[PDB]
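Report on the following structure.
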Amino acid sequence: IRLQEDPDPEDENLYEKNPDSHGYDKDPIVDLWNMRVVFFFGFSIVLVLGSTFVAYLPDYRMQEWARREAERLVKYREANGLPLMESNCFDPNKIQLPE
Amino acid sequence: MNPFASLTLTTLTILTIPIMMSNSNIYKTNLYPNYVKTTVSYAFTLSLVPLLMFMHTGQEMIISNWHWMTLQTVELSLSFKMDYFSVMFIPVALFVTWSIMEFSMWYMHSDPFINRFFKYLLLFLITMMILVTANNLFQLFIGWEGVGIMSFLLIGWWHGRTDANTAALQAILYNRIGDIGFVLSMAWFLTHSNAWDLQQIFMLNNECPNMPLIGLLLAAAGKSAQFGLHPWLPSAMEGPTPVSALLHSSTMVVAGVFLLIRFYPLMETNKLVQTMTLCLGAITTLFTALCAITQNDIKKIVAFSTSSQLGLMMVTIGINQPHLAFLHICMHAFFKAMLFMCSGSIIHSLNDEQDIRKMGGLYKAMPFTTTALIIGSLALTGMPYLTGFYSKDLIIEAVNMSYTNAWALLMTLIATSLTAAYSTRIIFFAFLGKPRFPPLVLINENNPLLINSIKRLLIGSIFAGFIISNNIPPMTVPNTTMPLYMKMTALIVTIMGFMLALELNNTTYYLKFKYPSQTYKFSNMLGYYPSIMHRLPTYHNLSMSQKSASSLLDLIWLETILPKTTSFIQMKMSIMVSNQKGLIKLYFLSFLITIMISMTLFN
Amino acid sequence: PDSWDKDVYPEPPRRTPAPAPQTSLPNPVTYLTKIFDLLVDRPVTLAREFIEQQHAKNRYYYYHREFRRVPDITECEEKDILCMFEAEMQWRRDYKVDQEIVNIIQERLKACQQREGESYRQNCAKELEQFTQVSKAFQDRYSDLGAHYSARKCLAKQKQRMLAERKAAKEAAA
Amino acid sequence: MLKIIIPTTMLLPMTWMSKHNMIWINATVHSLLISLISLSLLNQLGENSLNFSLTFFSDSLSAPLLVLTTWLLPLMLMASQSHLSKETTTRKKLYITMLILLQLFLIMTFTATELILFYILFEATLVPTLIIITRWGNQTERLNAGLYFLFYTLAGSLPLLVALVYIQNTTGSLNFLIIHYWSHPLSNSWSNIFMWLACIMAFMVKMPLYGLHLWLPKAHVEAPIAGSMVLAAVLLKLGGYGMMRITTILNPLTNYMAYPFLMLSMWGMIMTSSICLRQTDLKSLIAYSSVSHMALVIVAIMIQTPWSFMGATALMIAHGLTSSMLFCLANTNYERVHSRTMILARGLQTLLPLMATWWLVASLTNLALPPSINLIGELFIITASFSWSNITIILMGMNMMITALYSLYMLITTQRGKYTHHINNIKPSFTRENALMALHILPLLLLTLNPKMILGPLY
Amino acid sequence: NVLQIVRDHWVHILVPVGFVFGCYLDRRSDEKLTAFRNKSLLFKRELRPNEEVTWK
Ligand SMILES: CCCCCCCCCCCCCCCCCC(=O)OC[C@H](COP(=O)([O-])OCC(O)COP(=O)([O-])OC[C@@H](COC(=O)CCCCCCCCCCCCCCCCC)OC(=O)CCCCCCCCCCCCCCCCC)OC(=O)CCCCCCCCCCCCCCCCC
Ligand SMILES: CCCCCCCCCCCCCCCCCC(=O)OC[C@H](COP(=O)([O-])OCC(O)COP(=O)([O-])OC[C@@H](COC(=O)CCCCCCCCCCCCCCCCC)OC(=O)CCCCCCCCCCCCCCCCC)OC(=O)CCCCCCCCCCCCCCCCC
Ligand SMILES: CCCCCCCCCCCCCCCCCC(=O)OC[C@H](COP(=O)([O-])OCC(O)COP(=O)([O-])OC[C@@H](COC(=O)CCCCCCCCCCCCCCCCC)OC(=O)CCCCCCCCCCCCCCCCC)OC(=O)CCCCCCCCCCCCCCCCC
Ligand SMILES: CCCCCCCCCCCCCCCCCC(=O)OC[C@H](COP(=O)([O-])OCC[N+](C)(C)C)OC(=O)CCCCCCCCCCCCCCCCC
Ligand SMILES: CCCCCCCCCCCCCCCCC[C@@H](O)O[C@H](CO[C@H](O)CCCCCCCCCCCCCCC)COP(=O)(O)OCC[N+](C)(C)C
Ligand SMILES: CCCCCCCC/C=C\CCCCCCCC(=O)OC[C@H](COP(=O)(O)OCCN)OC(=O)CCCCCCC/C=C/CCCCCCCC
């Protein structure tokens, strides 16, 4: 041997001292409460509440607004015989091309 | 509202219900198999109702109930296509699944995870219904991959069996090449048509091109086990017999044929893809029947029969007859499911024996399964008024009377003869003659579950063809006028196959021994396709994956170019800089050189 | 139903033929429709009547947001960040509205295909030409701008199109 | 963003002031609360970004990445408390401090509105990661892995700093909004080519590009479980976020300069999948799978179309979740048998059934199974590549086949077959490990339910 | 006793008060960017009789 070194310790099993262990801590009470807070907060609060919050987020992306605007535009343009999609994005009168 | 949409969606939903209950005390009890079977029965009746509604006025609808997401100008929504194909195939699939679930309740009685088995069967049924009712390519792909992965899970039912695991992965590999074709088709359709839904695809593709249609053909070949991608279907006989009976043979392998049928407008528009489909189907049916006529494993014989019938369906699509292919799908579902159930009954009664060389005497030993298998084999070969006559006979008539490939027509006729041949082989080696099984006779087919399931699938194999054929609207012009010999072609070749196979089988009794022929070795060893093409390309791919990629490039050359060479150069320069003796004479001479250089070369 | 606008989403009048039975046999479809109406339609209609009664007691309204027009990128001076920002936002909103117009026309096309059924190739020719025109205009406007599209890039594309058209007109008039 | 930034800097003193047995409980609970608060950033706009102040802003690209970072912190705490039982209180608190510092740097990185502040934070993430690897890794090779990781990243990123200060001198600003509104075409010249190279090479090394990827197996295999989780799920995505952001100023030169990188990405995607097929180590298999998926994301960014960016965002989020889960599963196996070899422990389905279910679900998401967001992103990238050219479909299909092959190979090897006879210490799965897997996998399926939340700004 | 719980669980208010302080600083940052309040061409309107500013 080249050193005064400790032997490699045996692996510690959490189920030996505490058969009904959750794997969080050596102390039974701390282990139980760690399980409880993780399950409650994570699953209940974050999963359920965040999923329902995201489901009912207000329509700030303007999908339904854009659909209603498109319906108004289509109704007006087909009533008057105009093309449904304008051929140009901008006004050629406003655009000044080089000679 | 009319009850059409409500009843179709109700069938699908009540199919999904017992999966929700798979986390309850009922799932922990032994009533779960019966619960799932009862659910499938009720779904079958509720699906019968809209079939009657369609059979009266030809009512069809699409239901885009839920909008999923809008990719700018592309809208993906959850849509269902309740048309002729869906409303006819759903009741047939539910009927077959109900019978199979009862037979599995008897057959898997000693399985520790029979409840998981039934949950997996119901999940496969759900995915297959999604595939069939899907109205857009994305939902169709969901069902596609769902049935693929459920097939994977059910083939490897016994996880300790290395052969089962290899078979499962093999099925995944071949269906994944099919999925390559499917994704190519999806990308083309979106890019060139701005849609994944069948309505816009059909409206915009007045002439569909080779690239999307060949993508669809490749996907169908992969999913339906056509030639080149065939070996996974016979190898999928590792799973329990109910899995082979329901999933592969009857309802899942018809996925590719169903895909090609659903795109019959585009298929009509194109012609080269029609020729390719016809030729692929012809070679598939011939090759698989030829492999079947010499197998000694009953499940393998039935699996090759399934592949041959799928080849016949692909031939039918290639002659521009999509509705005949659908009719054959239904009839084949009936009698092939019954044949697999009878095979499973024989296997169970003989202590998990699957070798026809060890079966024998079962004609009198097992009366009801004998008569059921005889009726099924007659229906398979096209007895003049059973369920297989109303599809196979019309298919053969249409093939003979079309502007077809001569070689495809010849191969189709030879395959019909070989079908009669291997059906004869099964009957002759399993039921006729003296026994060959071990002396402890445990034969007992008197279970009401087995008898009732086979009985239900046996009535359909006799009368369902007549009923369905007479209740569907005429969707094709018939072949009213044709020569008498051409009219009787199917019967003549079927009887010739019966007679030749019977003579060859009777020759086995003679006290004469002869070594096998090259043709026998080719047919028995599956044409050597699994050997060569499961050892050579896999070996080369796995050798390249290590010798070239992992070792030569990652561990050797990519490491040498940047980090090893740079580190070596820096270490060498560090040694050069720091290797000094600390002699003031030396580095003051260096100072002198530096001063002279700075004075001269800097101006 | 007053839920949507029949002009925006048209449907042809529905011609349903009257039944003309020629048999003494009872109609299972009719019997099952009667059973369905008795067992399902009546309970669901009662439930909806109760819910709609509860809704009418708590009536409240929501409005559709109105955006006024602002000067566009053509009028905005070079590197005038505020006018450029307003013009870019307006162009983005117009891009969204155009996308939804194309979606409406596609919905018309799909519905007509399914409705006509076996004679869709002839009966849906009006919807196919309308979709062709709308899609061609939309493509010419926003075809190849890229992931980082902007009102300046679309203006450059339109200026290029105008130059090409002017050159073609000059060559034709030559 | 301060309502999310300050609670992290308050996680720090709370961690150092809590009792010796309450550190894990406090850190986990308040990390979950901060994740819930950060969920409010998903309410984005259709026109522009959320410009909180002069220093921070949020977008449809930043918000899912922030949510993923904040959600990943408590999972890392759970895995860490698994493997750090015998440590001293001070060293446990130092480990938690490194994790909190990394999260704070990542938050400010995704929300920084200037390219120079973004550079400072995205380079600041190196120190906690290097300390975690080279201090709490198990094997000898953690030191060499840390050296490789550090020097690859810095060699990539120093020319980026030079290019950024040059662009600030040239145009007057490095603000993302200003450089977006005042962008000009990049003419085809050698100077512009080397500017393009500086920027893109920084982020390609961070990605990594195939051929610049060896640091990734070295670091991901040799890091502790929390280090592996954050390296794969979030730190690989700094390259994608940076490449998406900085390509505003690199057009039209990106049309001509992307050929070498597209070729490297496609062929190396094939090559890394094939490597995965023949790996004797489980952690290395997961690392090379990460390389393949990031190659696909690089292809998406380089072809640079509205459909490719959405697929890139979806694939980045999905890969983060899936790879983190796979690393956690492999780590549970390692904590059983104390070896990373894949064929040592077999029959784990008949020894641990629920863990077999978790393995099945993680491997089903790793390969693109519809309708998972993994498949959604992969399919959008494939469609955009098909519009780019029609042989990209050939390469993409080959990659999908090989991905399914190696994923199911890993599942069958570890879980199926017969158990090793002499491994007699496979204790039943802990509630902590089961909950870790559930918290990895449920958000993925919910994201499948609502997919517009992870499709980026181009949606 | 009760004191020990406060002696031990006084660290559970740090993250909540950090959230509150961050919200306050967000409001302060917003109140310095009020140079175009009720001045954008798209959103400029008349003030209501009982309001001083359009947004805070
Ligand atoms: C096991 C089940 C779950 C399975 C999945 C599990 C995994 C996922 C979980 C969820 C994850 C996401 C979480 C999201 C949270 C937010 C929830 C949300 O947004 O919900 C959306 C949505 C709510 O929308 P909303 O915007 O809130 O309301 C819009 C309207 O205002 C509404 O209109 P209204 O004003 O008319 O309202 C009607 C009212 C009243 O309804 C009725 O009246 C209907 C019933 C009528 C009955 C009529 C008969 C009554 C009896 C007879 C009475 C008379 C006497 C007669 C006697 C006769 C005797 C014979 O009902 C409601 O309002 C119910 C709303 C939904 C409640 C449930 C929400 C649960 C959320 C829980 C979240 C928890 C966290 C999740 C994640 C956790 C981690 C996993 O709810 C649903 O979507 C629920 C289901 C919708 C109906 C059924 C649809 C069937 C579709 C069939 C398709 C078949 C396909 C088959 C394919 C496969 C086979 C091929
Ligand atoms: C590169 C070429 C590519 C060709 C592509 C096209 C392929 C077409 C295939 C056609 C069908 C071939 C059937 C035989 C192949 C398999 C042989 C085998 O191993 O069987 C064992 C297998 C029993 O297995 P096992 O009990 O284990 O026996 C083991 C023993 O060691 C016993 O083992 P073994 O090996 O000693 O027994 C075989 C032996 C005895 O088996 C037979 O003879 C089989 C029956 C042949 C019938 C041929 C037609 C006869 C006439 C039919 C009626 C039409 C004429 C007109 C009648 C009147 C009409 C009004 O036969 C031979 O050795 C001679 C060759 C057999 C045919 C070869 C066909 C060409 C491919 C090979 C070319 C090179 C061969 C070189 C020689 C071999 C190497 C040295 O046999 C059966 O189960 C019976 C199957 C054969 C009869 C099926 C029904 C008839 C088939 C269709 C005929 C045409 C009907 C009408 C069609 C429609 C017309 C419009
Ligand atoms: C505020 C919380 C912290 C936030 C940090 C943020 C950055 C701040 C930087 C400066 C921090 C101040 C200086 C702290 C020096 C601490 C030295 C020490 O002994 O620490 C252990 C000491 C307790 O242990 P001890 O009894 O002294 O026994 C020591 C024995 O060695 C025990 O025996 P042993 O053998 O078990 O211990 C061995 C251990 C002993 O080693 C140590 O303790 C050394 C700790 C690191 C050295 C200091 C580095 C300073 C330079 C700046 C970077 C710091 C980042 C990490 C900060 C760690 C803070 C402890 O060494 C090792 O295990 C070797 C590990 C080697 C790798 C890790 C060390 C380097 C980490 C830093 C590099 C990464 C920087 C990344 C770049 C970004 C920087 C922001 O911890 C403390 O006293 C905690 C300090 C903070 C207390 C709370 C203060 C706030 C109170 C509430 C305020 C409320 C405000 C109002 C709120 C509104 C509501 C009312
Ligand atoms: C009109 C202009 C020209 C059109 C050319 C059209 C070419 C069509 C054929 C392309 C085939 C490409 C290869 C894919 C497989 C066959 C697909 C197909 O259906 O082809 C049509 C052909 C038949 O179509 P065909 O030849 O009639 O094509 C139409 C011909 N013209 C143009 C005249 C109209 O299909 C078959 O014959 C089935 C063959 C299946 C082969 C499966 C692989 C086996 C390989 C064996 C050899 C190598 C050793 C083992 C390797 C095993 C595999 C790893
Ligand atoms: C025993 C179990 C058997 C299996 C059962 C499960 C399998 C069945 C799954 C299929 C059934 C799905 C049920 C669907 C019910 C409808 C609810 C759903 O559709 O709503 C979704 C809502 O989206 C979901 O909320 C998804 C939320 C995504 C998760 C949010 C994050 C959760 C916190 C965790 C952080 C993780 C961060 C990871 C990176 C971001 C989709 O949006 P939408 O239907 O139109 O909303 C309706 C409300 N409207 C009308 C007002 C609009
Ligand atoms: C398009 C993408 C590329 C398509 C071609 C890919 C060819 C190579 C595929 C990858 C190589 C496989 C790498 C490692 C996989 C593992 C190998 C393995 O598990 O073993 C083989 C495994 C099991 O072996 P068994 O024989 O069942 O053993 C029985 C036990 N007593 O089975 C397999 O996976 C064999 C797969 C071989 C692939 C070759 C098939 C290629 C066929 C392509 C023809 C296409 C024609 C389609 C017609 C289209 C009509 C338009």
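Chain identifiers are assigned as A, B, and so on, following the order in which chains appear in the structure tokens; residues are numbered from 1 within each chain, and ligands are numbered from 1 in order of appearance.
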Q: Report as a PyMOL selection string the set of chain D residues whose atoms approach chain E to within 6 Å, with distances computed over only C-alpha atoms.
A: chain D and resi 2-3+6-7+10+14
May I have the selected residues written with C-alpha atoms, as an mmCIF file, in the first residue's frame?
data_model
loop_
_atom_site.group_PDB
_atom_site.id
_atom_site.type_symbol
_atom_site.label_atom_id
_atom_site.label_comp_id
_atom_site.auth_asym_id
_atom_site.auth_seq_id
_atom_site.Cartn_x
_atom_site.Cartn_y
_atom_site.Cartn_z
ATOM 1 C CA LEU D 2 -37.521 41.076 -11.882
ATOM 2 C CA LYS D 3 -40.439 39.204 -10.294
ATOM 3 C CA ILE D 6 -35.252 38.357 -7.466
ATOM 4 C CA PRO D 7 -36.804 35.140 -6.039
ATOM 5 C CA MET D 10 -33.474 34.988 -2.613
ATOM 6 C CA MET D 14 -32.596 30.939 2.045
#
Q.
Can you pull out every residue with an atom within 6 Å of ligand 5? Use only C-alpha atoms and all ligand atoms and format it as a VMD selection string.
A. (chain A and resid 46 to 47 50 to 52 54 to 56) or (chain B and resid 19 to 20 22 to 23) or (chain D and resid 64 67 to 68 71 443 446 to 447 449 to 450)
Considering only C-alpha atoms, return as a PDB file with N, CA, C and O atoms, in the first residue's frame whatever protein or nucleic-acid residues lie within 8 Å of range 98-107 of chain D, sequence-local ones (same chain, fewer than 3 positions apart) excluded.
ATOM      1  N   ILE D   5     -36.467  37.118 -11.370  1.00  0.00           N
ATOM      2  CA  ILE D   5     -35.038  37.173 -11.087  1.00  0.00           C
ATOM      3  C   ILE D   5     -34.778  37.276  -9.588  1.00  0.00           C
ATOM      4  O   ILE D   5     -33.899  36.596  -9.050  1.00  0.00           O
ATOM      5  N   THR D   8     -34.944  34.080  -7.270  1.00  0.00           N
ATOM      6  CA  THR D   8     -33.790  33.185  -7.359  1.00  0.00           C
ATOM      7  C   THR D   8     -32.637  33.675  -6.479  1.00  0.00           C
ATOM      8  O   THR D   8     -32.048  32.910  -5.688  1.00  0.00           O
ATOM      9  N   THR D   9     -32.324  34.965  -6.577  1.00  0.00           N
ATOM     10  CA  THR D   9     -31.322  35.557  -5.710  1.00  0.00           C
ATOM     11  C   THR D   9     -31.739  35.523  -4.252  1.00  0.00           C
ATOM     12  O   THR D   9     -30.901  35.780  -3.386  1.00  0.00           O
ATOM     13  N   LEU D  11     -33.497  32.629  -3.267  1.00  0.00           N
ATOM     14  CA  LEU D  11     -33.195  31.222  -3.030  1.00  0.00           C
ATOM     15  C   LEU D  11     -31.800  31.072  -2.461  1.00  0.00           C
ATOM     16  O   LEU D  11     -31.545  30.181  -1.645  1.00  0.00           O
ATOM     17  N   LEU D  12     -30.873  31.918  -2.909  1.00  0.00           N
ATOM     18  CA  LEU D  12     -29.508  31.836  -2.381  1.00  0.00           C
ATOM     19  C   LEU D  12     -29.435  32.009  -0.861  1.00  0.00           C
ATOM     20  O   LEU D  12     -28.999  31.069  -0.167  1.00  0.00           O
ATOM     21  N   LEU D  66     -37.484  29.782 -20.732  1.00  0.00           N
ATOM     22  CA  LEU D  66     -37.489  30.164 -19.325  1.00  0.00           C
ATOM     23  C   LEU D  66     -38.323  29.203 -18.493  1.00  0.00           C
ATOM     24  O   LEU D  66     -37.927  28.827 -17.382  1.00  0.00           O
ATOM     25  N   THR D  69     -36.324  26.034 -18.025  1.00  0.00           N
ATOM     26  CA  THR D  69     -35.241  26.205 -17.057  1.00  0.00           C
ATOM     27  C   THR D  69     -35.767  26.170 -15.624  1.00  0.00           C
ATOM     28  O   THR D  69     -35.252  25.435 -14.758  1.00  0.00           O
ATOM     29  N   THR D  70     -36.806  26.965 -15.359  1.00  0.00           N
ATOM     30  CA  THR D  70     -37.364  27.044 -14.019  1.00  0.00           C
ATOM     31  C   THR D  70     -37.969  25.721 -13.584  1.00  0.00           C
ATOM     32  O   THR D  70     -37.926  25.384 -12.397  1.00  0.00           O
ATOM     33  N   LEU D  73     -35.019  23.138 -12.600  1.00  0.00           N
ATOM     34  CA  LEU D  73     -34.277  23.266 -11.342  1.00  0.00           C
ATOM     35  C   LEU D  73     -34.746  22.312 -10.235  1.00  0.00           C
ATOM     36  O   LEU D  73     -33.895  21.600  -9.670  1.00  0.00           O
ATOM     37  N   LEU D  94     -23.217  24.349  -1.180  1.00  0.00           N
ATOM     38  CA  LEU D  94     -22.446  24.815  -2.331  1.00  0.00           C
ATOM     39  C   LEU D  94     -22.978  24.237  -3.638  1.00  0.00           C
ATOM     40  O   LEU D  94     -23.016  24.927  -4.661  1.00  0.00           O
ATOM     41  N   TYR D  95     -23.368  22.963  -3.630  1.00  0.00           N
ATOM     42  CA  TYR D  95     -23.962  22.362  -4.820  1.00  0.00           C
ATOM     43  C   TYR D  95     -25.271  23.054  -5.190  1.00  0.00           C
ATOM     44  O   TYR D  95     -25.509  23.396  -6.359  1.00  0.00           O
ATOM     45  N   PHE D 110     -31.717  34.208 -21.438  1.00  0.00           N
ATOM     46  CA  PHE D 110     -32.848  34.143 -22.356  1.00  0.00           C
ATOM     47  C   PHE D 110     -33.604  35.463 -22.415  1.00  0.00           C
ATOM     48  O   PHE D 110     -34.250  35.751 -23.427  1.00  0.00           O
ATOM     49  N   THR D 111     -33.545  36.277 -21.360  1.00  0.00           N
ATOM     50  CA  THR D 111     -34.273  37.541 -21.373  1.00  0.00           C
ATOM     51  C   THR D 111     -33.413  38.765 -21.665  1.00  0.00           C
ATOM     52  O   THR D 111     -33.950  39.872 -21.700  1.00  0.00           O
ATOM     53  N   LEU D 121     -23.720  36.841 -20.144  1.00  0.00           N
ATOM     54  CA  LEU D 121     -24.404  35.820 -19.353  1.00  0.00           C
ATOM     55  C   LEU D 121     -24.201  34.422 -19.932  1.00  0.00           C
ATOM     56  O   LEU D 121     -23.961  33.459 -19.190  1.00  0.00           O
ATOM     57  N   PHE D 122     -24.283  34.293 -21.256  1.00  0.00           N
ATOM     58  CA  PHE D 122     -24.151  32.994 -21.900  1.00  0.00           C
ATOM     59  C   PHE D 122     -22.736  32.448 -21.772  1.00  0.00           C
ATOM     60  O   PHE D 122     -22.525  31.236 -21.888  1.00  0.00           O
ATOM     61  N   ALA D 124     -21.083  33.380 -18.850  1.00  0.00           N
ATOM     62  CA  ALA D 124     -21.078  33.199 -17.407  1.00  0.00           C
ATOM     63  C   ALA D 124     -21.625  31.847 -16.993  1.00  0.00           C
ATOM     64  O   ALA D 124     -21.274  31.357 -15.918  1.00  0.00           O
ATOM     65  N   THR D 125     -22.474  31.236 -17.816  1.00  0.00           N
ATOM     66  CA  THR D 125     -22.991  29.912 -17.483  1.00  0.00           C
ATOM     67  C   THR D 125     -21.906  28.843 -17.443  1.00  0.00           C
ATOM     68  O   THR D 125     -22.166  27.744 -16.947  1.00  0.00           O
ATOM     69  N   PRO D 128     -20.313  27.835 -13.291  1.00  0.00           N
ATOM     70  CA  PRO D 128     -21.000  26.856 -12.434  1.00  0.00           C
ATOM     71  C   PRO D 128     -21.007  25.459 -13.018  1.00  0.00           C
ATOM     72  O   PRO D 128     -20.847  24.481 -12.281  1.00  0.00           O
ATOM     73  N   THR D 129     -21.176  25.341 -14.335  1.00  0.00           N
ATOM     74  CA  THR D 129     -21.193  24.031 -14.974  1.00  0.00           C
ATOM     75  C   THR D 129     -19.848  23.334 -14.841  1.00  0.00           C
ATOM     76  O   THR D 129     -19.786  22.142 -14.519  1.00  0.00           O
ATOM     77  N   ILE D 131     -17.526  23.906 -12.560  1.00  0.00           N
ATOM     78  CA  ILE D 131     -17.310  23.552 -11.161  1.00  0.00           C
ATOM     79  C   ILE D 131     -18.087  22.293 -10.811  1.00  0.00           C
ATOM     80  O   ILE D 131     -17.548  21.364 -10.202  1.00  0.00           O
ATOM     81  N   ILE D 132     -19.357  22.231 -11.214  1.00  0.00           N
ATOM     82  CA  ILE D 132     -20.182  21.065 -10.912  1.00  0.00           C
ATOM     83  C   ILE D 132     -19.554  19.806 -11.491  1.00  0.00           C
ATOM     84  O   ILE D 132     -19.339  18.819 -10.778  1.00  0.00           O
TER      85      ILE D 132
END
Q) What residues in chain E get the DSSP label alpha helix (DSSP H)? Please answer as number ranges by chain. A) E: 2-8, 14-31
Q: May I ask you to extract the residues of chain B within 7 Å of chain D, using only C-alpha atoms, and to give them as a count of residues only?
A: 22
Q: Could you pull out the residues sitting within 6 Å of ligand 3, using only C-alpha atoms and all ligand atoms, and write them as a PyMOL selection string?
A: (chain D and resi 12-13+16-17+88+90-91+127-128) or (chain E and resi 14)
Residues at most 9 Å from residue 426 in chain D, counting only C-alpha atoms, excluding those fewer than 4 positions away in the same chain, as a short mmCIF file (atom, residue, chain, number, x, y, z; two decimals) with N, CA, C and O atoms, in the first residue's frame?
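Okay, this is what ended up in out-v9.cif:
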data_model
loop_
_atom_site.label_atom_id
_atom_site.label_comp_id
_atom_site.auth_asym_id
_atom_site.auth_seq_id
_atom_site.Cartn_x
_atom_site.Cartn_y
_atom_site.Cartn_z
N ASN D 333 -30.54 3.50 -12.65
CA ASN D 333 -29.88 2.22 -12.87
C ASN D 333 -28.45 2.23 -12.33
O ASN D 333 -28.01 1.27 -11.69
N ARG D 336 -28.17 1.86 -8.71
CA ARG D 336 -28.31 0.47 -8.29
C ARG D 336 -26.99 -0.29 -8.39
O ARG D 336 -26.48 -0.80 -7.38
N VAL D 337 -26.41 -0.36 -9.58
CA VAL D 337 -25.33 -1.31 -9.87
C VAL D 337 -23.96 -0.65 -9.97
O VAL D 337 -22.96 -1.36 -10.16
N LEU D 348 -34.51 -5.78 -16.01
CA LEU D 348 -35.02 -4.77 -15.10
C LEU D 348 -36.52 -4.59 -15.21
O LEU D 348 -37.11 -3.93 -14.36
N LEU D 351 -37.57 -7.09 -12.61
CA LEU D 351 -37.18 -6.66 -11.27
C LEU D 351 -37.86 -5.37 -10.83
O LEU D 351 -38.12 -5.20 -9.64
N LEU D 352 -38.15 -4.45 -11.75
CA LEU D 352 -38.72 -3.15 -11.44
C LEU D 352 -39.71 -2.78 -12.53
O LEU D 352 -39.35 -2.16 -13.54
#
Q: Could you check how far CA of residue 44 in chain C sits from atom 48 (C, counted along the ligand's line) of ligand 1, in Å to one decimal?
A: 4.1 Å
Wanna dump the chain D-chain A contacts at 9 Å for me, each residue with its shortest atom pair and the distance in Å to one decimal, counting only C-alpha atoms, ordered by chain and number, as a Markdown table?
| residue | atom | partner | partner_atom | distance |
| --- | --- | --- | --- | --- |
| D:21 | CA | A:30 | CA | 7.5 |
| D:22 | CA | A:30 | CA | 7.9 |
| D:24 | CA | A:34 | CA | 8.0 |
| D:25 | CA | A:34 | CA | 5.7 |
| D:28 | CA | A:38 | CA | 7.2 |
| D:29 | CA | A:37 | CA | 6.8 |
| D:32 | CA | A:42 | CA | 6.3 |
| D:33 | CA | A:41 | CA | 7.8 |
| D:35 | CA | A:46 | CA | 7.8 |
| D:36 | CA | A:46 | CA | 5.8 |
| D:39 | CA | A:50 | CA | 6.8 |
| D:40 | CA | A:54 | CA | 8.2 |
| D:42 | CA | A:54 | CA | 7.5 |
| D:43 | CA | A:57 | CA | 6.4 |
| D:44 | CA | A:60 | CA | 6.5 |
| D:45 | CA | A:61 | CA | 4.8 |
| D:46 | CA | A:61 | CA | 4.3 |
| D:47 | CA | A:61 | CA | 7.8 |
| D:78 | CA | A:24 | CA | 8.1 |
| D:81 | CA | A:24 | CA | 7.2 |
| D:82 | CA | A:24 | CA | 7.1 |
| D:85 | CA | A:25 | CA | 8.1 |
| D:427 | CA | A:13 | CA | 8.4 |
| D:429 | CA | A:23 | CA | 8.9 |
| D:430 | CA | A:23 | CA | 5.4 |
| D:431 | CA | A:22 | CA | 4.8 |
| D:432 | CA | A:23 | CA | 5.7 |
| D:433 | CA | A:23 | CA | 8.0 |
| D:435 | CA | A:39 | CA | 7.5 |
| D:439 | CA | A:43 | CA | 7.5 |
| D:442 | CA | A:47 | CA | 8.3 |
| D:443 | CA | A:47 | CA | 7.6 |
| D:446 | CA | A:51 | CA | 7.6 |
| D:450 | CA | A:55 | CA | 7.8 |
| D:453 | CA | A:54 | CA | 8.8 |
